[PDB]
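Colleague: Chains as they are written, first to last, in the deposited numbering: chain B, 59 to 782, 789 to 1348; chain A, 27 to 255, 261 to 412, 416 to 789.
Backbone N, C-alpha and C fix where the C-beta goes; we use that ideal spot for every residue, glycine too.
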Amino acid sequence: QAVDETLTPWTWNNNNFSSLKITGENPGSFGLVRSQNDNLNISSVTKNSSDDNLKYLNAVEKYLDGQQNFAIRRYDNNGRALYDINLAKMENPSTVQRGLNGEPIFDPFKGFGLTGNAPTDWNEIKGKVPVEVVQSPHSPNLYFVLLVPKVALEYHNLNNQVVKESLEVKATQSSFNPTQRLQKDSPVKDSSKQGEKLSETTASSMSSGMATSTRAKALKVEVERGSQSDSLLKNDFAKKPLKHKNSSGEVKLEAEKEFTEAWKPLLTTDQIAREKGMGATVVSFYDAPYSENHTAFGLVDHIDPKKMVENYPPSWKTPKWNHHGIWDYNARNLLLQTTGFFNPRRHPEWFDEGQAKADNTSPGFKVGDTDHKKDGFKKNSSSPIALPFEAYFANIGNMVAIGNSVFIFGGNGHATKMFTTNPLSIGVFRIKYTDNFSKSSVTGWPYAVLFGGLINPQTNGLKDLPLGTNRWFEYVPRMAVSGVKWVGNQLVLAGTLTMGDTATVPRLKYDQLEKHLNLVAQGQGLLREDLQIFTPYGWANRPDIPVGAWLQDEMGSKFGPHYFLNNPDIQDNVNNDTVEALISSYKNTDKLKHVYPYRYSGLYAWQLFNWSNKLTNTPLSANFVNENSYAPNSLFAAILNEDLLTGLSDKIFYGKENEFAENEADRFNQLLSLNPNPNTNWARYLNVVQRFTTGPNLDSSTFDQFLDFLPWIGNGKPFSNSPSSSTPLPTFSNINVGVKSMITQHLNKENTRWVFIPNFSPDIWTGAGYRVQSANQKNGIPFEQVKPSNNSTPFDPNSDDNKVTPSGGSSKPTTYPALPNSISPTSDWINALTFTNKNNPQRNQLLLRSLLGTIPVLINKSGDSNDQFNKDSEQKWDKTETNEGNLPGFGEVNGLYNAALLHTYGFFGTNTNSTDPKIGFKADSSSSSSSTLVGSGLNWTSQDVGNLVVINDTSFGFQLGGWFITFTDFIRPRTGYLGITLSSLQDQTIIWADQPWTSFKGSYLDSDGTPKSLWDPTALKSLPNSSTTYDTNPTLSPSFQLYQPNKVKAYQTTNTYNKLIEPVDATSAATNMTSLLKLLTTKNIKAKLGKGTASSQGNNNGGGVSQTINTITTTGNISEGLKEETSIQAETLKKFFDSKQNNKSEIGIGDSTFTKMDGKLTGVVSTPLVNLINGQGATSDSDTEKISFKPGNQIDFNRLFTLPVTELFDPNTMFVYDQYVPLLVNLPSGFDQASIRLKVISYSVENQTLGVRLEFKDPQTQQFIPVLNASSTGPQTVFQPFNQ
Amino acid sequence: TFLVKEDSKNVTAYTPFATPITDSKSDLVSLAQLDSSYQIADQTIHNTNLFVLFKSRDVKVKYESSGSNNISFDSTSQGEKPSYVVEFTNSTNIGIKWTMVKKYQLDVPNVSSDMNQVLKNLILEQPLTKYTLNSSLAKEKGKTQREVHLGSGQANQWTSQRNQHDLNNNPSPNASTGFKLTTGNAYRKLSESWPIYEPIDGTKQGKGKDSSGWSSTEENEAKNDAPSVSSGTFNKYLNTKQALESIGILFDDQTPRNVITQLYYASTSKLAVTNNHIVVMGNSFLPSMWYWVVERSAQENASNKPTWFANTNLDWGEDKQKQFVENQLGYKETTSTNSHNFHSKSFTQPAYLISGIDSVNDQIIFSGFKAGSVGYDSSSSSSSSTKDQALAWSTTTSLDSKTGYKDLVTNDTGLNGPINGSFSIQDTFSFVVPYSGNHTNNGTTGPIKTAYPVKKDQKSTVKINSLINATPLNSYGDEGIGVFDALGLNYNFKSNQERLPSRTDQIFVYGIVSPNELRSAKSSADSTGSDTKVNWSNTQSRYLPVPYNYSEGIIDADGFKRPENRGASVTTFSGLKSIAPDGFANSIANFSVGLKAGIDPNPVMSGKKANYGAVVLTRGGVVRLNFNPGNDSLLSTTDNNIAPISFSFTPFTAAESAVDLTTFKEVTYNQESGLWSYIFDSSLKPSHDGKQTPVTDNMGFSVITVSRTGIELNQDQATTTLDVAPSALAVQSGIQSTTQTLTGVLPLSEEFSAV
């Protein structure tokens, strides 16, 4: 029962909890503690070949019950421990006895009444470790605590052949080649099935029009239900004239021939529900620090996985399928990509069978039969979304209490995250209490049905992020959660969030998979990366064209209007007269649809905008959702609607309004919104968010200008490049990059004076890799960029396919006379939303991954012998019109500039190391060339998010890897303020570690008014083995990826970027590039940058504390960089930043302050007066030493108790009258008698006994405190007339 | 003490225990000595006095082109049953029994000479129906600008010939001039009668304004295709008799009564009260040109006459917006012999689909959609180029207009005439004209001119007259621009994207009217002979299109348009497909109902009057009207760029959109709570479908909770001046049922309510 000093306070990685600050009637701390003993040999528990995970996990839990102890001790408001609470070892525990009104029976000096018997489920609960604690908002002395199996901590220490990665490194004995895991051969036309292709429209309706055209007519798509039971009469979306390659048998997604040692969860969602020892548990309990019966239990609830999985939407029973079905399914399977919306090929963490169901077959629907009319009907399902062990504990942690209920928002995932596997919080649980806390109920729901009410008006940051959904919840939001807290009157949630997939939205032309390996690998689950990768030349004209149209021009000699190569230079002018001929004739019905003769193409932002799940003005407004992100790729914070969260039902009911279409004829007229069938309640849940935020209160190109301002944590230098003509150029923004171009000759020459800029002269910086005839012709470019299919001569303007006859026969050409000056992935075009490559999703993805410091770079050359790339006489920043400026323009990370990113990282030149590492990229013109991506050398990842801490009534922030981030203005916005402030870590011994977040020991608000964070350079861990006996060219680690070869033709020596750089077969390329394939392992990047060993020097240990920069009402004011009156907002913000590169602290950007401490850092314990590191540094209550209760021999009882005790206090508030305070409490001379009084806590008039607690004005805070030293029994005492 | 409408004639006070009071059921229609044919329309409580609006189904109004008493009740067949507003006071020893106090009879307007000239040739589109189709709405494209101006067979001469036509620099010769009236929805004169059949397709079916043509054979053919209870094929027409009856059109056996009678009986719809005035306006379903203003001191036996909305010079926010609205009414210098129209006789917008009427703090607040009214030709012969054609055009702001709301709305684009059509921008299309003012493909060439689509050589031989639409859609042209305008799809390509306000289509009218200008309105109503105008200063108008999410194919709204959006299946009204779940059969025509002003109960700064904001329902979202109680005027901010603060549109979700708007029964405001409530009575649904199938879901009720949100005015020293419009928030409250017949909701208390 009493305190044991052998248990030491600690922080759990999954929630970063260490202690709860108790407040109200008796303040103090609860905090987690564990046994300090080393030599924990978990590998002594044998795993055989003939047994399953469950009896192994029970043997590990039983073994760890011998090797380790855990508890939640209470401390006073000065940091001093009271009682132990080792839940596995406490003697004769009990639940609390109740009155007939359900109230717990209580009297403060006696404590609670105990029933004399333990709670339910006590034999299986007692082994679990407590990991989070919270206090009731409305009920006194009432608390909740969360318990989990010991493997929810120790999972990282269990043996690697059961706790596998989602990928394997192998022996690499054939030499390493990352294409060996990739299905890569392209599909082909079926030599026996050509005749079923979509028909050309033989006659087209006049509609009383007059214009005419010679171009090939629209394709029909006919679909109708017919009279047969399980066949339509027509179903033209189901047509399938293509088939796969037969390279040593058929190429298709087929798990049983590919995953020979398939990854699967530790336990299934059904096992965790039935095996009561393996589920998480929340219990209510009661505590009183100075009673005889000081602690006892309330109620026990299991956080049952079936109460989450039976609350998933109907579409989550068929995650292999989506509401477009058959045509999308076939286009995906032909391109060798995932089908559905949340399939286990990308997201196995939520599936009971993991990689064993990572295939396109058996989608819950009839598909693949010999007749196109037979496909597209509902059937039985065998691979639904679940909640298996790894995802389950990431869905646990981050508690809050509201009314007669308590919630669980889930963790950051560091209960169960591995290097290649991403368990995350997918929803929220609730426990609700009934009959005055005599009874309970437990439930939970996924974030998809909660966040679906999000809209563009609900954020002061960027618009159009991929956070939208529809009547089918195929957008699946999940978070690494920082926490949930009260920010003054408003309840707030924070963390990092998954968007929809921004990267794989563009889709390949059917034959070209052999030359675009990264885009297919990123679609295959092989490249688990969410950053957008530039690949434009191999994309089809349109992602959504039905596959029966793809064969309409195999030669390319007609530039087949319905299906062709994506390039924007060669597409229609459809003017005042033209639309009535080429497209407005094809009217259609309840059983007919069409594909139109319009030529269509665009760059990455066109593809992304067209088929990503962007937010709009309306909610439920995303009828296309390409896929879901592998890991969190956004910051997040939001205001959560606490009374609506209190008022939502436990059970969620869906119906036929959330089912996918049962047949394709009902899919043909598919309503995007429909009435809930009024017994159902699913649509109520959408309104739990009032407001949200994602980054700075900035808009358009201004957000890219902010991206350049922050320092890179690998070296402390800004991405801006302006603090030092042959000088280098920035990576994210476009200001001062290339040349000032007059846009007055852009468009079809159509209208470009006062249109796009706040000033008389329309000057725009054209960016890197731009196209011009000459420096004298820097304004626009004329049409000359024609592309053949073979050597087959020009695109042929003024030909009959490029003409129409209008009313009165006055024919004219349907093509552009002039074009935009740039296509490069760095492009910013205010005037051209289809040639711009920057986008609002990418602006937020770049913000997060440049904070985490792990944006990759594109390479041709390593630092090795004869391989080297140079700073001098090999790069020309002033000549970005030609190959000597070394812009890749293919395989590059979107929105940014690679050579500038390489320079800011210091991969070439003396920027980051004492000698030139000579790693980089060069655009050669003499021969074909090969390329691949590599990491920055840093190891942080987007799940590395720590405690949400609330600073005051409107300001809050959190730790995020090497940063602390603050959302200072989100609750009460202002004009001219950026709304975010940031502090960087400084310690290179943390920043260059191989799993760096394991050194963070928790974050807290401190008594001097600053948030602070704990760090320990001794807490880092190596990789699972030392590579044993061989060089592991692939080394699985938290910043590794299987980046594929991209191969390309020679760059032109002049006019280099006037056309896109042409790709070639990459399937054999890996043998030509071995020096780059070795640099895929991030340890070799550290070795070549000089960071890989003790060569970093500095502190040998030096653990301790970190603190955010000082702040005032002026901090983050940028009102002179906002607005416009003489130029464009990003350009004046660039002028405003360039005088301030030496003085970033007034912008709210800079390095943290830091202080060292000796020994281990394990965790804080916190209370309203003080914070104690490791629980050391406790105090004598030095402000209150002179204050004490009078002892029983100093009281003359009949002087007090001649009057009944009924009138010694005010009945409306229970404080004792002022004159009787010095009659019961000793106080020093000259003391302020108004600063202290006594509160009655229990009494009985028939015994004349009065029980009291004292309250005093804290010198530090505008609030009352107890005086802890006031007696040998603490702040509580009793007085009675000699009758005790 | 909760007075609840027991039926169409009985109102009874319910105790807070949700129990009727003994001997409290009262027959108000008989209590007011009005025959049983009367019924109660709307009731309000003001100083614990219950007022009632009585509208009878026996009323019959006749219109005569000749004479003075042009609009008068048809007393020949005992049809002189004008509508009454009756003040009822509880006058006893504290037991609920109402009594006559005053009884004001609302009389038909007196038509001046100018209004007479306008109404003689005026024609009203048949009312919007619950079961109405996009295709139904759709009207075949009219003569293009070049066809109207230069004539036929004048191609490639635009450039040359445009100068003398005061159309200089005009970049769209193929710009629609309107919609042909030869087909579509039935356009009938006031003295005529609407049909019960709505054409499925308004490009092919229906005979439009040709009443003689419709009645000759097309009426019989439509009757054959669409019978009245099925046996009908329903391939060209829909028999919407049941829906016409439901939304309040009077019927003689089967044929509806005359249009003047229908308009009057619709105008007797709602009731807002003041300590000195009582105002009555029309319902939301079909327009209402005239609204009665009642002087509470007027004699019991005296006559109360309304004011023509045409005589109410509303302030649309900008003189430029007002002239936009004015210029589409019709040609100005008609001078044929009598071919006068609304614009020619100098009258403003004549028809509003009044969403609702309410009062607070002695101030009256009104809101509603601007009902489209435009000129049309009635030459009947050679013949006019524009013969049998509506003269309307979309007025969307151009792509290069200066960023900012003010600039947007003030943009000269379509000042006088048509300029929009089809255009190409980079890798996408913009139906909006890319240029305005003096902007072109080679520089600056001079101002862009626009003119009314009427040939000048025929200035004396073109007979132009006005019409009134049944919906906000001013221009019915089966065209892309039209659809875009309807759906709110028009966007600029600049750095900061903006929705292009269609200054003359889907316009949303709202404001607060003060007692002085109400007295001015009453004086206008009293005016005899010369017609006198009414000035409403504290009013505003906002382009409020239907959400694009209600139309199949349109996924999002942005400057970049997906190429498939150019297809005829989304370019035209007729090709458009509706996925509207709010009980409407259409997804083009917006519709508003249920304005209820309320006092903000939250504390306010001392010396500052308490906030009162009004909430109005629309298609796919709520609208909050923000007012400055310090001046009792619309909330406004100094920075022009900012959208008028007075306006705030918050979209709905699946639960709110599912709530039929055709079933709005009553709206109650909880004064101490500060939360609205929108009672929807499913029972209001028509008996039979538009295809004569029985309605299977006529049972149930639902409510929507409208709660204030955002940052309010005069909250604290720091919130004395505002920049962000307070925004409402609608949530499906949780009071829903399908098996029950609603009788009334009781705002029992803060924490409780009864059903």
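Which of the three DSSP states is assigned to residue 268(B) in this structure?
Modeller: Here residue 268(B) sits in coil by DSSP.
Colleague: Can you give me the start and stop residues for the beta strand (DSSP E) that residue 575(A) sits inside?
Modeller: Its beta strand (DSSP E) spans residues 573–577.
Colleague: Please report how far the alpha carbon of residue 508(B) lies from the alpha carbon of residue 1093(B), in whole angstroms.
Modeller: Each residue's Cα considered, the two are about 51 angstroms apart.
Colleague: Using 8 angstroms as the Cβ pair cut-off and three pairs as the minimum, do the segment 706–713 of chain B and the segment 624–631 of chain A touch?
Modeller: The answer is no - the segment 624–631 of chain A does not touch the segment 706–713 of chain B, with fewer than three Cβ pairs under 8 angstroms.
Colleague: Please list the residues of the segment 889–906 of chain B that have a C-beta atom closer than 9 angstroms to any C-beta atom in chain A, keeping them in chain order.
Modeller: The residues in question are 894, 895, 896, 897, 898 and 899.
Colleague: Since residue 765(A) meets chain B, which of its residues come closer than 7 angstroms, beta carbon to beta carbon?
Modeller: What residue 765(A) touches in chain B: 745.
Colleague: Quick check on this structure: which residue in 662(B), 528(B) and 904(B) has the alpha carbon closest to the alpha carbon of residue 692(B)?
Modeller: Closest option to residue 692(B), Cα to Cα, is 904(B).
Colleague: Whose Cβ in chain A lies nearer than 7 angstroms to the Cβ of residue 814(B)?
Modeller: Correct list: 468 and 475.
Colleague: Using a beta-carbon distance below 8 angstroms, is residue 594(A) in contact with chain B?
Modeller: Yes - at least one Cβ of chain B is within 8 angstroms of the one on residue 594(A).
Colleague: Quick one: which chain A residues come within Cβ less than 7 angstroms of residue 642(B)?
Modeller: Per Cβ cutoff of 7 angstroms: 602 and 605.
Colleague: Measure from the alpha carbon of residue 627(B) to the alpha carbon of each residue in 1122(B), 1291(B) and 1223(B), then state which is nearest.
Modeller: Among 1122(B), 1291(B) and 1223(B), the Cα nearest to that of residue 627(B) is on 1122(B).
Colleague: Going by alpha carbons, who is nearest to residue 678(B) out of 529(B), 1255(B) and 977(B)?
Modeller: Ranking 529(B), 1255(B) and 977(B) by Cα distance to residue 678(B) puts 529(B) first.
Colleague: Which of helix, strand or coil does DSSP assign to residue 126(A)?
Modeller: Here residue 126(A) sits in strand by DSSP.
Colleague: Considering only DSSP beta bridges, list what residue 1313(B) is partnered with.
Modeller: In the DSSP output, where bridge partners are listed per residue, residue 1313(B) has 1308(B).
Colleague: Residue 609(A) touches chain B at which residues, Cβ-Cβ below 8 angstroms?
Modeller: Neighbours of residue 609(A) on chain B, chain order: 645 and 646.
Colleague: Which residues of chain A have a Cβ atom closer than 7 angstroms to the Cβ of residue 620(B), listed in chain order?
Modeller: Within chain A, no residue comes near residue 620(B); the closest Cβ sits about 11 angstroms away, beyond 7 angstroms.
Colleague: Spatial neighbours of residue 209(A) within its chain, please: CB distance less than 8 angstroms, with the 5 preceding and 5 following residues excluded, ordered by chain position.
Modeller: Closer than 8 angstroms at Cβ, skipping near neighbours: 165, 166, 225, 228, 229, 230, 231, 232, 233 and 234.
Colleague: Quick check: residue 1085(B) and residue 1108(B), are their CB atoms within less than 8 angstroms of each other?
Modeller: Contact flag unset, no.
Colleague: Residue range of the beta strand (DSSP E) that residue 499(A) falls in?
Modeller: Its beta strand (DSSP E) spans residues 498–502.
Colleague: Over the uninterrupted beta strand (DSSP E) stretch that includes residue 700(A), give me the two end residues.
Modeller: Run containing residue 700(A): 698–701, per the beta strand (DSSP E) assignment.
Colleague: If we ignore side chains and look at the alpha-carbon of each, how far apart do residue 723(A) and residue 157(A) end up?
Modeller: Going from the Cα of residue 723(A) to the Cα of residue 157(A) covers about 7 angstroms.
Colleague: Using only CA atoms, which one of 368(B), 573(B), 603(B) and 267(B) lies nearest to residue 384(B)?
Modeller: Comparing Cα-Cα distances from residue 384(B) to each of 368(B), 573(B), 603(B) and 267(B), the minimum goes to 603(B).
Colleague: Have a look at residue 866(B) and residue 874(B) and give me their C-alpha separation to the nearest angstrom.
Modeller: Between residue 866(B) and residue 874(B), the C-alpha separation is close to 14 angstroms.
Colleague: Less than 6 angstroms between C-beta atoms, sequence neighbours within five positions excluded: which residues of the same chain meet that for residue 464(B)?
Modeller: These residues qualify, in order along the chain: 202 and 489.
Colleague: Run through DSSP, which three-state label would residue 295(B) get?
Modeller: Helix at residue 295(B).
Colleague: Does the contact criterion of 3 or more C-beta pairs under 8 angstroms hold for the segment 62–81 of chain B versus the segment 441–449 of chain B?
Modeller: Segments in contact, no.
Colleague: Please classify residue 839(B) as buried or exposed, where buried requires at least 16 other C-beta atoms within 10 Å of its C-beta.
Modeller: With fewer than 16 Cβ atoms within 10 Å of its Cβ, residue 839(B) is classed as exposed.
Colleague: With 16 other CB atoms within 10 Å as the buried threshold, where does residue 60(A) fall?
Modeller: Buried is the call here.
Colleague: Measure the CB-CB distance between residue 771(B) and residue 917(B) and report whether it falls below 8 angstroms.
Modeller: A contact, by the Cβ cut-off of 8 angstroms.
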